[PDB]
Every structure is written in C-alpha cells, then in structure tokens.
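Visitor: My questions will all concern the structure given below.
2 protein chains.
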Amino acid sequence: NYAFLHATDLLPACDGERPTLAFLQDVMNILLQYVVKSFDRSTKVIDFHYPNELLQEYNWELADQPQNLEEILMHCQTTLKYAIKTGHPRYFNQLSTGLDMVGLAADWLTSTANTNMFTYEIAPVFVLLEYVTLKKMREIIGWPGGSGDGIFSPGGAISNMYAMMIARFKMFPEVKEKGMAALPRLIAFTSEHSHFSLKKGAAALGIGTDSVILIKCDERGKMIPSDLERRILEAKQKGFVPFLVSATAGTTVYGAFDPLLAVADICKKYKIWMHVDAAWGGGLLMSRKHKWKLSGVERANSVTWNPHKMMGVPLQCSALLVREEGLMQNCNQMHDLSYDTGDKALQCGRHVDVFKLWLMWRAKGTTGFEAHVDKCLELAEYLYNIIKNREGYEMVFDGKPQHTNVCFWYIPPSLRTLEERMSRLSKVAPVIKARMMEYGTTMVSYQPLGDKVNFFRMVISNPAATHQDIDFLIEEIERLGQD
Amino acid sequence: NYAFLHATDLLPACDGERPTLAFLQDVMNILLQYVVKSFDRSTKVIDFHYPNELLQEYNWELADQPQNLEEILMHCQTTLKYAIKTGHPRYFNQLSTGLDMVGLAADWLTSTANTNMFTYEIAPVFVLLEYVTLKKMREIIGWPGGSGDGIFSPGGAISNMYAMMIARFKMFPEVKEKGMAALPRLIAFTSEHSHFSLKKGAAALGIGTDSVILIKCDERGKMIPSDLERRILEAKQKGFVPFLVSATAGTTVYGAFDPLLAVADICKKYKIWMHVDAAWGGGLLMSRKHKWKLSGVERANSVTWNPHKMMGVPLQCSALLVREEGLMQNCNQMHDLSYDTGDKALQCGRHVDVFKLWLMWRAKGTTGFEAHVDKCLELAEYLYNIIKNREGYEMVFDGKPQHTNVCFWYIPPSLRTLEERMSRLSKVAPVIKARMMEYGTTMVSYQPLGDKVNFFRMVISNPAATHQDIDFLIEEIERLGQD
C-alpha cells in the first residue's frame with residue numbers, strides 16, 4: 088500500500104478514489120486513537136523536549152522530491168506524539184483547555200467545505216449561521232431583541248483592535264480619509280489588570296501606547312471607578328479627547344470583573360464609548376447563577392467574547408458585538435446584497451468559525467453551556483476552599499475567585515517559618534513547573550504581577566477535569582516542591 | 088443509537104468511548120461521501136437558494152434545550168448539501184479553488200491537536216515547522232541562505248497590513264509610543280490594479296486613504312514606473328514623506344505583475360521600503376519556468392504570499408516575509435525563549451496553519467508544487483488560445499495572460515454586428534452568471550474594471566480542472582448566452 092503510493096495517486100487522480108478513502112481513513116484512525124488517549128489519565132499531558140532535542144529527534148526539514156504516503160502517515164503519528172494533550176483532564180496551562188467532540192466534528196466538516204466567508208454566494212449556509220449565532224449572543228448580552236451588529240474575528244486581540252477602530256471612527260469619521268493627523272489627541276482608558284491587546288491595538292492604529300492610560304485597580308483586581316474619572320478629567324483639562332474606555336469582564340490572571348455599572352455611568356457622563364473585553368468572562372453570561380458578574384454589559388457600545396475559551400469551541404472563535412447597526416460597514420467599507439458583509443471587517447479572506455459554535459450550541463443547547471460554565475466554576479471553588487485552608491498554600495490576594503482563576507503560592511516545608522524569603526519563593530513556581538513538564542503529569546501557568554512574585558495561576562475550563570484532578574494537582578505540587 | 092444519545096453522553100463522559108468512536112466515524116463517513124462527490128462531474132457545483140429560501144428550507148435557529156445526536160448528524164448532512172463544492176472541477180469563482188487530500192488530512196489533525204501558536208511550551212512541533220517552512224519560503228524568494236524573518240497571518244490582507252505597520256515603524260520607531268501625530272505626513276504608493284487591503288490597512292493604521300496614492304497602469308495591468316517616480320517627487324516637493332511602495336506580483340483581476348526590478352530601483356533611489364503583494368502571484372515562485380515574472384522580489388523589504396491560493400493549502404495559509412531580522416519583534420513587542439514569537443504579531447491567540455502547508459510540502463516536494471503551478475498555467479493558456487480565436491469572444495486587454503487569470507466578454511449572437522451595444526454587453530455576464538448558478542453547472546466571477554464593463558474573470562488554481570472542463574465552460578457560456 089502506502090509505501091508505493093504518493094499524493095499524485097490520490098483524488099483528483101482518476102485511479103484515486105480507493106487509495107483516497109483508505110488514506111483519509113488511516114489518518115482518522117490515528118486521530119481517534121489520540122482522542123481516546125487524551126482522556127486517559129495514564130497518558131502524559133506533555134512529552135517534553137528542548138527545541139534542539141526535538142529538531143535532532145526527527146527530520147522536520149523540507150525537500151525537493153516527494154515522500155510516499157507511509158512516510159506521510161508517520162509524520163502525522165510523530166506530530167501527535169509530541170503535541171501537548173490540550174484536552175487532557177490535567178492540562179491547566181491556558182485559558183483555552185479541552186477537546187469538545189461535537190466541536191471537533193464541526194471543525195472537520197468546516198475544513199471539508201473549505202470556503203471563504205466574504206459572500207453569501209460561496210458560503211450561503213455559513214453566512215446565515217453567522218447572522219443567527221451573533222444575534223443570539225447579542226440577546227444573551229442584553230441588547231433588546233438581539234439588536235446590533237457583529238463579526239467573528241481571528242482572536243479577541245483583533246476584536247479589541249476592531250472595537251478601538253470603530254470607537255475612533257464613530258467620534259471622528261474623517262480619520263478614515265485623513266488619518267490621525269487630522270484629529271485632536273485621543274485618549275483611551277483601561278485597567279492595570281487588562282489585556283495587552285489594547286496597548287498593541289493603539290500602537291497599530293497610530294494612536295500611541297502613550298495615549299492608553301492605565302487605571303488603578305483594587306486588591307481584588309478591579310478597576311477603581313474614581314481613578315477613571317480622575318484620569319478622564321485630567322485628559323480634558325489638557326484639552327485631550329477621551330474616546331474610549333475599555334472595561335475587562337474577567338481578567339487573564341485574577342479573573343477579576345470591572346464594575347460595569349459604574350464605568351457605564353462614567354461613560355454616560357463624559358459621552359465616551361464603552362467597550363467590554365469579555366474574551367474570558369463572556370462564558371459566565373450563559374450562567375443564570377453567575378451572569379450578575381457582568382451586570383452593566385447591556386450598556387456597552389461594544390463587547391468582545393471568545394467562545395473558544397470558556398465555551399470550549401475549538402480554537403479561533405472570537406466575536407465582536409457592536410450595538411449600533413451600520414457602524415462597522417461604514418467604518419470598514421472603501422466604497434440581496436445585505437448578506438455581504440465582506441466590507442464589514444479588515445480581513446478579506448476569512449475562515450469559517452461559526453459552524454463549530456453553532457453545531458455545539460445545537461448539540462448542547464443554551465442550558466448545556468450553562469451547566470458546563472457552572473461545573474468549571476464550582477471546581478475552582480473546590481480548589482479555592484482546599485488551598486485556602488491548606489498548610490503551605492497562601493492566596494495571592496484576599497477575596498474569593500470571580501471566575502475559575504485561582505492564584506496562589508506554594509511555600510515548600512523548607513520556607514514556611516523563615517524570618521525576605523520572598524526571593525526564594527520567587528523561584529519555587531519556575532522549578533515546580535519545570536518538574537511538571539519533565540514528568541508530564543500536569544501543566545499550570547505561573548507569573549508575577551505588580552508587586553507579587555512568581556505565583557501559580559490555576560484556571561479551569563476543561564469539561565474533562567474532575568474533583569480527583571484537582572486533588573491530584575494539590576498533591577503533585579507538594580511532591581515536586583522539594584525544594 | 089443516535090436518537091437516544093446526546094453530547095453529554097460522549098467523551099469526556101465515563102460511558103463515552105464507544106458512542107464517541109461511532110459518532111466521529113459517522114461524521115467522517117458523511118465527509119468522505121461529500122469528498123468523492125466533489126470530484127464527480129455529474130455533481131452540481133452549487134445547489135442555489137436565495138437567503139430567504141434557505142432560511143425557510145431548514146430550521147437554523149438556536150434553542151435552550153439540547154438536540155440528540157441523530158439531529159446533529161442531519162445538521163452536518165444538510166450543511167454539506169447546500170455548501171458550494173469548492174473542490175469541483177468546474178468551480179472557477181475565486182482565486183482559492185480545490186480540495187487537497189493531504190491538506191485536508193493535515194487540517195483534520197491540526198483541529199485534533201487544538202493548540203495555540205504563541206509559545207514552544209504548548210506548540211513545540213508547530214513552532215519548529217513554522218521556522219523551517221518560512222525559511223524555505225525565504226530561500227525560494229531569493230534571500231541569501233533563507234535569511235530574514237516571517238509570520239503566518241490570518242489573511243494576506245492582514246499580512247499587507249503588517250508590512251505597512253513595519254515599514255512605518257522602521258522609518259519612525261517613535262510612532263509606537265507617540266502615534267501618527269508625532270510624524271510627518273506619510274505617503275504610500277500602489278498600483279491602480281492593486282488589492283484594496285492597502286487602502287483598508289492605511290485607514291486602520293491611522294495613515295488615511297488620502298495618503299495612499301494610486302500609480303497609473305498600462306493596458307496590460309502593470310504599474311508605470313515613471314508615474315511612480317513622478318508621484319514620489321511630488322510628495323517630497325510638498326514636504327510629504329514617502330515611506331512605502333507596494334508592488335503587486337499577480338493582480339486579482341488581470342493577473343498582472345508589476346515590474347519589480349524598476350520599482351526596486353526607484354525604492355533604492357528614494358530610500359523607501361519595497362513591499363511585494365505576492366498573495367496570488369507567489370505560487371509562480373515554485374516554477375522554474377514561470378518565476379521570472381517575479382524577478383526583483385529578492386530586492387524587496389517584505390513579501391506577502393498566500394499558499395492557500397495557488398499552492399492549494401486549505402483556507403488560511405498566508406505568510407508575511409520580512410528581510411530584516413528582529414524588526415517584527417521590535418515593532419510588535421510591548422515590553434530558550436527564541437521560540438516565542440508571541441510578541442512578533444498583532445494576534446495573541448493564533449491558529450496553527452503551518453502543518454497543512456508543511457505536510458503537503460512533504461507529500462508533494464517542491465517539484466510537486468512546481469508541476470501543479472505549471473499545470474494550471476498551461477490550462478489558462480489552453481483557454482486563452484481557444485477564446486482568442488473563437489467567434490463571440492473578445493479579450494478585455496491585449497497581451498497574453500501572466501497568470502491563470504483570463505479576462506473576456508462573451509458577445510451573444512444577437513449583439514456581434516450591432517452598430521453603444523456596450524450597454525447591452527454590460528448586462529450579459531450578470532445574466533449568464535445567474536443562469537450558471539440556477540443550473541449549478543459551473544461558477545465564474547465577472548466584474549467591471551475602470552472603463553471596461555462587466556467581463557468574466559476566469560481563473561485556474563484547482564488540480565481537478567482538466568482540458569474537458571475548459572471545453573465544457575466555453576460551451577456552457579454559449580448555451581446560456583441567449584440573450
């Protein structure tokens with residue numbers, strides 16, 4: 088078979104149908120095996136290699152002449168061998184964790200359809216799903232009858248960038264033709280705990296990171312409303328022009344939620360666009376129990392929401408929602435057609451990301467997403483309640499998690515009663534993490550923040566993570582902490 | 088089975104392995120069937136429905152309660168039913184056409200791995216493939232030993248946007264902190280035949296579409312070098328600052344190639360960044376026979392290249408290549435680590451697109467891509483030679499295609515000897534196109550350009566398209582043109 092086959096033998100080659108059905112099914116068998124193992128707790132989360140080791144371990148170089156299909160199937164096998172098992176019960180390293188089965192099936196179909204999003208003409212079903220999916224999301228947000236507008240973007244960082252583009256265009260439509268030189272000095276405001284995409288977006292948009300002012304946060308990670316007003320008032324005293332405040336509904340580290348009702352009030356007072364970065368926190372909008380954390384989002388001019396994070400949609404499902412209909416097109420256009439849409443965004447070519455969200459929503463219902471969001475949040479509560487009362491574990495800030503983010507230090511037995522042992526604590530998480538990966542038992546991110554030294558930022562979003570996996574984690578950290 | 092199953096029954100559920108293997112395989116069977124039919128010439132390219140018809144034809148709405156897996160498999164079946172068959176031999180509607188079997192297999196695996204690109208830590212193999220794939224592309228471009236830098240972007244439109252960001256940052260690194268208000272008035276230059284992403288990028292970057300000057304093109308679609316110099320000289324006479332010239336290597340309509348050696352010389356003379364938009368034309372760099380069309384690309388500061396177009400990589404494979412190493416990081420950063439990479443681009447989250455290109459390159463070799471690029475170009479020559487000498491067919495410009503783009507009018511027998522029958526010709530392509538879709542036999546794009554009225558822009562990039570399919574097309578157009 089495959090040893091005497093090549094790509095040129097497969098469809099659209101005439102003697103191609105039989106070898107194609109076999110080859111694709113053999114890839115599928117590899118994929119299925121990896122899928123089941125991903126859920127097996129005896130499987131390593133990571134088979135860790137240094138870049139040079141991985142380079143020397145296998146030939147990854149490219150060649151002039153073609154390789155046979157046996158060698159291609161081996162490449163697939165080898166690739167999944169060294170891949171991180173992002174669906175594994177004990178993978179806790181990023182905000183996006185898990186491997187959703189309907190979502191995967193939906194992604195497989197999307198690739199098979201392999202079309203662009205720009206017109207109804209070539210993506211008729213997908214343009215319609217995009218309209219229905221984004222409308223429902225606008226209802227969940229709280230905009231009356233789901234009114235407003237929306238787009239899927241290639242990342243919430245770009246969704247944030249779009250929101251800033253549109254807030255500027257709204258205040259100064261002439262920027263499009265004339266550039267920033269035509270405008271007064273624009274100022275944007277965001278929290279000290281907010282995502283770096285806002286500074287990056289401003290730099291990209293010719294606004295300048297100097298014109299992105301950071302607002303002070305409290306001990307719990309929440310933007311202080313009175314520092315925001317103070318800063319707005321300073322800006323317009325200097326004759327600068329506030330155009331944007333970006334509030335974060337679920338920060339990346341603490342999982343903190345800015346007080347939306349108070350910033351909404353400040354944005355009402357000063358006539359400023361309110362954006363909500365709900366990339367991470369947006370999932371809690373599916374929870375009747377937890378959505379109160381996003382109270383005031385209904386007053387926002389724009390919202391960013393990443394179903395690829397808490398809702399488990401396979402990678403790249405990010406939406407921007409804008410309340411004022413027509414704005415996005417006006418901003419982005421350069422010159434039944436209502437289904438294009440092409441001149442609403444910066445992208446030209448655009449990958450179909452809607453179907454994976456829509457099929458999952460269909461398979462799970464709104465209630466399904468709800469139940470999952472709550473399962474994760476309780477599990478974080480289970481973690482928080484154990485370590486809160488456990489010797490060797492000190493919380494990074496006082497206040498219960500908002501959110502599945504649990505931030506903590508592990509203090510090894512050889513450091514607890516030491517009479521600036523912070524310097525030694527600073528080095529504990531990096532060593533544990535290193536040992537986690539060498540053994541491949543779990544993965545957790547650690548980082549410093551402000552005046553805090555390297556601490557573990559535990560996060561839960563994987564449906565495969567259970568109470569035992571939290572129990573295992575606590576114990577593994579202890580085991581690996583010597584010293 | 089599936090009638091009494093739900094998503095909650097599948098992995099990671101404990102009684103989940105058996106129903107998961109069955110469900111995923113049943114989706115796969117649907118996908119395989121659609122794949123084989125895509126190559127069957129008796130299959131319709133499109134089952135055309137108006138948006139309202141499609142909405143009424145099937146319930147696409149979302150619900151609170153979950154649906155069973157039988158209903159989910161039907162959704163998959165229904166979705167592929169109304170999908171355009173972008174792999175079909177007679178699909179000619181866009182620049183991206185075809186369904187590559189290794190590429191599809193590679194895409195299926197990528198989804199299964201479901202990881203982010205931002206660090207070696209979670210995408211160890213994929214970060215390494217990205218380094219090797221982009222280096223080879225830099226060699227093919229002509230940069231010595233493949234020196235330089237590169238990134239995959241979510242579309243060549245964003246790659247174009249990145250190039251403009253970086254050309255600006257290179258001339259005025261202070262823009263990052265201070266914004267466009269700190270700078271002199273920047274001017275960018277591009278051809279009348281160039282892609283709209285350059286104006287869109289400038290508007291986004293706060294540069295202003297007023298500061299994107301369009302350079303005159305000749306009858307064959309190529310930028311006139313002396314209008315470029317004329318325009319550059321006017322800009323600096325007014326004390327404006329030329330920062331960018333974007334030359335197009337393969338325009339979207341004519342498939343024209345700007346004269347790179349002459350613009351390179353102008354960019355050398357005036358000390359201006361040279362970008363090459365080779366999104367479409369980049370494939371010809373794989374052809375020893377055809378690469379001379381891109382002579383001078385080796386002198387470019389940046390190049391955009393979309394393997395998802397002519398090379399047949401499934402949707403979203405776009406690269407930006409930059410000759411000066413370190414520039415991209417310096418531009419994008421806000422503050434063995436060499437494998438991150440995260441602060442090189444605007445995106446945070448980033449989808450893995452490298453593996454589909456790398457596996458295909460492995461399966462085909464450089465020679466494979468070469469042979470395919472030539473197969474398409476000859477087929478376009480076959481089209482051009484038939485219609486050039488065929489009654490009823492008038493070429494849109496004089497000069498042989500550059501390129502698989504063939505631009506033409508069909509003049510129905512009831513218009514040929516008419517003594521301003523252009524007004525009636527203006528309406529022929531829209532009617533034919535409409536009839537093409539109602540019958541579902543083929544799809545071709547038509548458009549006006551400048552002083553030319555609606556003409557067909559035929560394009561070839563699909564490996565499944567043969568001589569018979571061109572023959573069919575000629576005849577179908579004739580059949581449908583009455584009147």
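Protein chains in written order, with the deposited numbering: chain A, 88 to 422, 434 to 517, 521 to 584; chain A', 88 to 422, 434 to 517, 521 to 584. A prime marks a further copy of an entry chain.
Virtual Cβ for every residue (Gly too), placed ideally from N, Cα, C.
1. Could you have a look at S313(A') and say whether DSSP puts it in helix, strand or coil?
2. Give the straight-line distance between the Cα atoms of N247(A') and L285(A), rounded to the nearest whole angstrom.
3. For the beta strand (DSSP E) containing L273(A), list its first residue and its last residue.
4. Which partner residues of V450(A') appear in the DSSP bridge assignment?
5. Are the beta-carbon atoms of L156(A) and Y89(A) separated by less than 8 Å?
6. Of all the CB atoms in chain A, is at least one closer than 8 Å to the CB of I209(A')?
7. Return helix, strand or coil for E576(A'), following the three-state DSSP convention.
8. Candidates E261(A), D570(A), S546(A) and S234(A): which alpha carbon is nearest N180(A)'s?
9. Please report how far the alpha carbon of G235(A') lies from the alpha carbon of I578(A'), in whole angstroms.
10. I'd like to know if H362(A) contacts chain A', where contact means its C-beta is closer than 8 Å to some C-beta of that chain.
11. Applying the 10 Å Cβ sphere with the 16-neighbour rule, what's the burial state of residue 424(A')?
12. Out of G383(A'), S389(A') and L111(A'), point me to the one whose CA is closest to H362(A')'s CA.
13. Helix, strand or coil for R225(A')? Go by DSSP, reduced to three states.
14. Touching or not, the segment 485-501 of chain A' and the segment 328-342 of chain A', by the rule of three or more beta carbon pairs under 8 Å?
15. Identify, in the order they occur along the chain, each residue of the same chain with its Cβ nearer than 6 Å to the Cβ of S281(A), setting aside the five sequence neighbours on each side.
16. If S382(A) and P401(A') are in contact, beta carbons under 8 Å, what's the gap, nearest whole angstrom?
17. Note the first and the last residue of the continuous alpha helix (DSSP H) segment covering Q112(A').
18. Where does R558(A) fall in DSSP's three states?
19. Given that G266(A') touches chain A, what residues does it touch there, using C-beta distances under 9 Å?
20. For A530(A') and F573(A'), which I take to be in contact (beta-carbon distance under 8 Å), what is that distance rounded to the nearest angstrom?
21. Give me the residue from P329(A'), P176(A'), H449(A') and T543(A') with the minimum Cα distance to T206(A').
22. Using the Cα positions of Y249(A') and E521(A'), report the straight-line distance between them to the nearest angstrom.
23. With DSSP collapsed to three states, give me the class of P231(A).
24. Could you check the C-alpha separation between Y121(A) and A566(A) for me, to the nearest Å?
25. Are the segment 220-228 of chain A' and the segment 406-416 of chain A' touching by the rule of at least three beta carbon pairs closer than 8 Å?
26. Should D305(A') be counted as a contact of the ligand SAH given a C-beta to heavy atom distance under 7 Å?
27. Would you say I245(A) reaches chain A', if we count a Cβ-Cβ gap shorter than 8 Å as a contact?
28. Tell me whether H175(A') is buried or exposed, calling it buried when 16 or more other Cβ atoms sit within 10 Å of its Cβ.
29. Chain A partners of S284(A'), CB-CB under 7 Å?
30. Let me know if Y137(A') comes out buried or exposed under the rule of 16 or more other beta-carbons within 10 Å of its beta-carbon.
31. Consider the Cβ of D434(A'): report whether some Cβ of chain A lies at a distance smaller than 8 Å.
32. Answer yes or no: does any C-beta atom of chain A fall closer than 8 Å to that of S281(A')?
33. Roughly how many whole angstroms lie between the Cα atoms of residue 586(A') and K380(A')?
34. Rounding to the nearest angstrom, what Cα-Cα distance links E158(A') and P106(A') in this structure?
35. Going by DSSP, what residues sit across from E521(A) in a beta bridge?
36. Starting from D236(A) and walking both ways along the beta strand (DSSP E), at which residues does that stretch end?
Guide: Well, looking at it:
1. helix
2. 21 Å
3. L273 to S278
4. According to DSSP, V450(A') bridges with nothing at all.
5. yes
6. yes
7. helix
8. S546(A)
9. 47 Å
10. no
11. In the structure shown, chain A' runs from 422 directly to 434, leaving residue 424(A') without coordinates.
12. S389(A')
13. helix
14. yes
15. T335
16. The pair is not a contact, with the Cβ atoms about 42 Å apart (cut-off 8 Å).
17. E104 to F126
18. strand
19. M267, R272, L273, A289, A290, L292, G293, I294, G295, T296, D297 and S298
20. The Cβ separation is near 18 Å, so there is no contact.
21. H449(A')
22. 45 Å
23. helix
24. 18 Å
25. yes
26. This structure simply doesn't include the ligand SAH, nor any ligand for that matter.
27. yes
28. buried
29. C446
30. exposed
31. yes
32. no
33. Within the shown structure, residues of chain A' are numbered from 88 to 584, placing residue 586(A') beyond reach of any answer.
34. 15 Å
35. BP columns for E521(A) are empty, so no partner.
36. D236 to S240
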